[PDB]
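Reviewing the structure listed below.
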Amino acid sequence: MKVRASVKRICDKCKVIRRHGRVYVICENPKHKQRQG
Amino acid sequence: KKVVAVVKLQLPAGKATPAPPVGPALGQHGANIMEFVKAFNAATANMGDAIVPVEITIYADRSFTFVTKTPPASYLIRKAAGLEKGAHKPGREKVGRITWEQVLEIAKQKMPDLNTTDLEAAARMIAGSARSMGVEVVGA
Amino acid sequence: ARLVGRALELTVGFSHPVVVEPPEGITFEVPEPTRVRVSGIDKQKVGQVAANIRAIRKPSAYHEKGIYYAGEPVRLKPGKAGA
Amino acid sequence: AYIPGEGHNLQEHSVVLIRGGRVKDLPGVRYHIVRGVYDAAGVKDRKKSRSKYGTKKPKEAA
Amino acid sequence: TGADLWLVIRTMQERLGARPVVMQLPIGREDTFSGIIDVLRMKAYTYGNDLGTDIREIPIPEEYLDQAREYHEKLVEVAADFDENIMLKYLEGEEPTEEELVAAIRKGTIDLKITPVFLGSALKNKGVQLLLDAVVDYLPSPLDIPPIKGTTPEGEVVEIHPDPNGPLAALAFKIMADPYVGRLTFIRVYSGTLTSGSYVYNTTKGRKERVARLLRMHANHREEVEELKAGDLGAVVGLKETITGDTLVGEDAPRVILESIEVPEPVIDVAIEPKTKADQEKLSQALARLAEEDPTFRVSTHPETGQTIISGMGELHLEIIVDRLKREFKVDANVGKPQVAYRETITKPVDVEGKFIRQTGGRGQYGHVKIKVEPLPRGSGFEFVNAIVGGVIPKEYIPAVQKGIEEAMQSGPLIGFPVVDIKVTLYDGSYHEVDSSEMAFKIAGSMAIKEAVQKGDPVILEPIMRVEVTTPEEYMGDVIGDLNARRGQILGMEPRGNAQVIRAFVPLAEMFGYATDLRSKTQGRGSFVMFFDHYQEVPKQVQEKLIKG
RNA sequence: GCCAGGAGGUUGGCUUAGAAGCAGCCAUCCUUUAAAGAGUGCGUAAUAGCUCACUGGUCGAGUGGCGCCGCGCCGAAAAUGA
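In structure tokens:
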């Protein structure tokens with residue numbers, strides 16, 4: 001779920017970074033694909 | 002060229018129906034558990050039936066050679082304490098009666114099973130397992 | 096994964112083959128047209144070029160097909176998912 | 068159009084051959100069904116009106 | 142691309158369990174192909190090109206020759222499982238000449254356990270005449286074909302010998318339309334001989350029909366033959382009746398029959414009412430053209446409400462008929478989901494005041510029934526007792542004083558459907574020996590039921606169906622998927638021969654056209670049996686929208 | 001991070017078509033053990049299985065986290081040229 005004003009880490013596999021100046025949510029699973037949108 | 006297949010399963014007493022892993026490991030063999038409903042049901046002539054493991058082999062040629070074992074611990078509370086099938090919540094509704102007594106011979110028949118392969122230990126384990134099925138162990 | 100010429104010439108299901116030159120600091124090396132190695136004295140050209148090749152051809156897509164570094168072919172269920 | 072009475076078979080076709088003749092019922096009744104035609108084919112166990120109510124022949128065999 | 146040999150071999154005994162035993166080996170994979178090596182006559186064969194206007198027996202350019210040996214020995218060695226001379230002959234090292242090889246692969250073949258997997262390529266004429274000669278070398282004739290099962294005029298087993306000197310028995314199968322000779326039948330005879338101009342005899346609906354011109358489809362032309370042969374087939378003209386797969390006897394051929402239990406089974410049902418219904422009987426006779434040039438499907442007429450119901454095996458079967466539907470019939474069809482046989486009930490015990498304060502134009506006419514009603518478990522039935530507190534409500538208020546009940550049952554208040562699962566139990570009344578004709582009090586029974594259900598709880602019961610699911614495990618995984626997705630549950634499972642089968646509950650409304658669904662949920666490896674059972678309620682909110690009145 | 005252990009009564013009692021740490025209800029053992037829980041997520045038709053948790057092998061110095069406060073980052077689209 002890309003682009004939501006709230007973003008998080010759902011399971012113990014999802015970890016947040018910083019890229020280009022925007023906050024990004026990673027996790028090997030792309031169904032959790034989140035971004036500060 | 003099926004070298005070895007001493008494959009094992011969980012075959013209770015009187016269920017001759019070879020499907021996986023009896024299909025692609027013991028059917029990929031020629032393991033006759035017909036000999037299981039014939040040389041193991043007759044073997045367990047104790048009462049009649051019980052859930053008991055098995056272990057047949059195909060020896061490169063195309064042979065058969067097996068070993069059987071022992072019946073469960075939830076059976077020893079059921080056909081004993083008067084716990085018809087199950088007590089529904091082993092914490093709240095204690096049905097049967099297994100005090101410090103009975104449980105002795107109970108754990109006795111089942112010694113090379115269990116864990117500490119003895120009988121001067123697992124008595125309180127089987128008598129603590131009573132609460133897994135929730136049977137009021139009277140203070141003997 | 097033909098190595099014809101100095102170039103790496105591959106045909107990965109696309110309607111035509113693919114032509115890769117070996118630029119500076121790098122050669123290729125195809126032990127067999129089933130797996131492809133590249134020679135290079137530079138960590139950038141490693142990841143970047145190999146990447147560019149796997150980007151010539153995408154991996155898996157549900158089932159299994161394409162190019163991979165040496166990773167895992169995670170799948171998406173076959174005869175379903177298409178309602 | 069009626070039928071030869073007593074147990075049908077026809078659901079929605081049959082090509083019943085429009086026959087003919089009323090009766091003091093079914094404000095019409097005329098143009099009867101046949102029991103033979105392209106369906107119906109009589110009543111099994113009709114040891115009588117073979118000429119109409121279907122039945123080839125009560126062949127006992129046994 | 143991706144040609145093979147091996148994988149085929151594997152997949153035979155990895156899908157069914159059938160031993161191939163082979164005959165020849167290729168000369169190159171995809172586009173590496175040039176000709177063919179064989180392991181029978183052991184001859185390095187090879188054509189030349191696509192159209193192959195040039196072929197030759199040029200030597201093996203090496204590479205693969207040796208492999209043949211290993212491979213080829215199997216043939217010989219497989220001939221140790223069926224032959225007689227080959228146990229010792231293989232134990233030796235003495236060559237089995239070309240003569241018993243033929244006879245041995247032919248042996249297992251006609252005996253059904255051997256498979257000269259000759260192969261090739263069609264468009265580029267490479268693999269052709271080789272397979273032709275393969276066909277002769279290992280394909281029999283009715284001579285090798287076992288006693289054809291048929292029946293006697295009595296009802297006992299009979300063998301249909303080729304007998305071009307005895308009985309004159311026959312079958313047909315294909316009904317080809319043809320503006321020249323007229324309605325044509327592709328026939329496989331069996332026994333006797335049939336002269337161009339001879340008669341025959343219907344062997345199910347007796348009709349000493351006429352044969353006129355025996356003619357075989359001779360590639361382009363159609364060879365007109367005077368006589369047709371004992372086993373050989375063809376098209377015979379005439380047979381103005383004569384349907385599909387039906388028994389046909391010659392004038393002699395003492396009125397026998399032929400078996401062929403041959404049956405197909407439907408799985409996809411759809412329903413249709415086209416245009417302003419003015420097209421119905423049109424497509425009726427059109428249907429008469431359907432299942433008579435080829436049986437296939439059914440036109441089963443809805444047992445309850447309107448509409449016909451068109452069902453049959455396949456899928457795009459029904460929809461290619463649909464293609465030819467608005468073709469040679471011209472009919473604006475709207476074939477969609479079928480109806481749902483609906484029956485409803487209640488859920489509580491209520492007493493009602495079946496009061497009927499009435500004097501009318503005369504003859505009394507009223508019925509004060511203190512009725513009590515109750516229901517019954519899903520699919521039980523309908524029962525009652527007199528519930529007479531002495532004799533309050535006299536005799537002639539028995540043969541039909543109910544029926545006001547039974548009648549009103551036919552249309553339960555809400556959406557109007559038969560009301561099963563009930564069990565009555567009156568308890569009181571109030572009458573007069575004049576103010577209570579049979580009629581009157583029975584109609585009071587009617588009011589009783591209607592307001593009883595009105596104030597006794599609403600609920601319909603969507604028709605439920607039991608079903609097998611004949612499926613190889615894997616995609617039983619998948620089908621438990623879609624089945625538990627289809628508002629229902631399964632309840633049953635056992636491993637069968639090849640596969641495994643699920644005893645199933647499903648809701649019909651959520652079960653329509655599942656044979657097409659199953660197809661790719663499984664790749665298609667079995668289906669089911671449309672086994673009716675009973676019915677349950679559509680959890681209020683499903684029923685809700687379905688409450689339209 | 002890296003090696004390895006990652007056990008037994010048991011397939012916990014019930015539900016439940018099957019519920020076996022593992023869709024839910026209650027659970028609230030004890031035993032061999034350096035340590036392996038009646039389970040962290042994932043995986044099944046239930047099963048299998050991946051993994052973790054946990055202790056020791058390597059390694060050899062700092063680490064895991066809980067709040068407060070100063071400033072920002074996202075949250076944050078409009079009509080002629082900023």
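Chain order of the listed sequences is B9, BK, BH, AL and AY.
Here the first sequence is numbered in PDB author numbering, starting from 1 and rising by one per residue.
Here the second sequence is numbered in PDB author numbering, starting from 2 and rising by one per residue.
Here the third sequence is numbered in PDB author numbering, starting from 96 and rising by one per residue.
Here the fourth sequence is numbered in PDB author numbering, starting from 68 and rising by one per residue.
Here the fifth sequence is numbered in PDB author numbering, starting from 142 and rising by one per residue.
The C-beta atom is built at its ideal place from N, Cα and C for all residues, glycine as well.
Distance between residue j and residue i (C-alpha atoms, nearest Å)
| i | j | result |
| --- | --- | --- |
| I199 (chain AY) | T250 (chain AY) | 30 Å |
| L232 (chain AY) | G261 (chain AY) | 33 Å |
| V510 (chain AY) | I409 (chain AY) | 50 Å |
| residue 1 (chain BK) | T69 (chain BK) | Because chain BK here runs from 2 to 141, residue 1 (chain BK) falls outside it and cannot be looked at. |
| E36 (chain BK) | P283 (chain AY) | 46 Å |
| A61 (chain BK) | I99 (chain BK) | 49 Å |
| residue 47 (chain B9) | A96 (chain BH) | With chain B9 running from 1 to 37 in the structure shown, residue 47 (chain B9) is simply not present. |
| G129 (chain BK) | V55 (chain BK) | 28 Å |
| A145 (chain BH) | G108 (chain BH) | 18 Å |
| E124 (chain BH) | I26 (chain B9) | 35 Å |
| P405 (chain AY) | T437 (chain AY) | 7 Å |
| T238 (chain AY) | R182 (chain AY) | 9 Å |
| residue 90 (chain AY) | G557 (chain AY) | In this structure chain AY extends from 142 to 690, so residue 90 (chain AY) is not present and cannot be described. |
| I34 (chain BK) | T18 (chain BK) | 8 Å |
| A40 (chain BK) | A46 (chain BK) | 10 Å |
| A102 (chain BH) | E171 (chain AY) | 24 Å |
| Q36 (chain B9) | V23 (chain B9) | 5 Å |
| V670 (chain AY) | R644 (chain AY) | 10 Å |
| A20 (chain BK) | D145 (chain AY) | 32 Å |
| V366 (chain AY) | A68 (chain AL) | 50 Å |
| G161 (chain BH) | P407 (chain AY) | 42 Å |
| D114 (chain BK) | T71 (chain BK) | 8 Å |
| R149 (chain BH) | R130 (chain BH) | 12 Å |
| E434 (chain AY) | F672 (chain AY) | 30 Å |
| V7 (chain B9) | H32 (chain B9) | 10 Å |
Presumed contact (8 Å Cβ cut-off) between residue i and residue j, rounded CB distance
| i | j | result |
| --- | --- | --- |
| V110 (chain AL) | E73 (chain AL) | 6 Å |
| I52 (chain BK) | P13 (chain BK) | 4 Å |
| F470 (chain AY) | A427 (chain AY) | 5 Å |
| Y676 (chain AY) | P604 (chain AY) | 5 Å |
| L84 (chain BK) | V136 (chain BK) | 6 Å |
| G665 (chain AY) | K175 (chain BH) | Not confirmed; about 14 Å, so no contact. |
Under the three-state DSSP convention, the category residue i falls into
| i | result |
| --- | --- |
| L335 (chain AY) | strand |
| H675 (chain AY) | strand |
| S134 (chain BH) | strand |
| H89 (chain BK) | coil |
| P320 (chain AY) | coil |
| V683 (chain AY) | helix |
| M617 (chain AY) | helix |
| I688 (chain AY) | coil |
| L424 (chain AY) | helix |
| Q143 (chain BH) | helix |
| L555 (chain AY) | coil |
| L380 (chain AY) | coil |
| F669 (chain AY) | coil |
Residues of the segment 596-622 of chain AY whose Cβ lies closer than 8 Å to any Cβ of chain BH, in chain order: Look at the segment 596-622 of chain AY: the residues with a C-beta under 8 Å from a C-beta of chain BH are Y616, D619 and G622.
Three-pair Cβ contact test at 8 Å for the segment 393-406 of chain AY versus the segment 292-306 of chain AY: These segments touch.
Stretch pair the segment 146-163 of chain AY + the segment 239-257 of chain AY: three plus CB contacts closer than 8 Å: The segment 146-163 of chain AY, when compared against the segment 239-257 of chain AY, does touch it at the 8 Å Cβ threshold.
Residues from the segment 78-95 of chain AL in contact with chain AY, defined by Cβ distance under 7 Å: If the cut-off is 7 Å between Cβ atoms, the segment 78-95 of chain AL has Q78, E79 and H80 near chain AY.
Against chain AL: residues of the segment 421-435 of chain AY by CB proximity under 7 Å: For chain AL, the residues of the segment 421-435 of chain AY that bring a beta carbon within less than 7 Å of one of its beta carbons are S425, in chain order.
Chain BH contacts made by the segment 641-672 of chain AY, where a contact means CB separation under 8 Å: Within the segment 641-672 of chain AY, the residues whose Cβ lies closer than 8 Å to some Cβ of chain BH are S661, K662, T663 and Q664, listed in chain order.
Three or more C-beta pairs below 8 Å linking the segment 429-446 of chain AY and the segment 477-486 of chain AY: Taking 8 Å as the limit for Cβ pairs, the verdict is that the segment 477-486 of chain AY does touch the segment 429-446 of chain AY.
Segment contact, 8 Å Cβ cut-off, at least three pairs: the segment 352-364 of chain AY with the segment 298-310 of chain AY: In short, these stretches do not touch, since the Cβ pair count stays below three.
The segment 319-329 of chain AY touching the segment 366-378 of chain AY, judged by at least three CB pairs closer than 8 Å: The segment 319-329 of chain AY vs the segment 366-378 of chain AY: in contact.
Positions along the segment 139-164 of chain BH whose CB lies within less than 7 Å of some CB in chain AY: Residues passing the 7 Å Cβ filter: none.
Members of the segment 273-300 of chain AY that neighbour chain AL once the beta carbon cut-off is set at 7 Å: Against chain AL - using a Cβ distance shorter than 7 Å - the segment 273-300 of chain AY contributes no residues.
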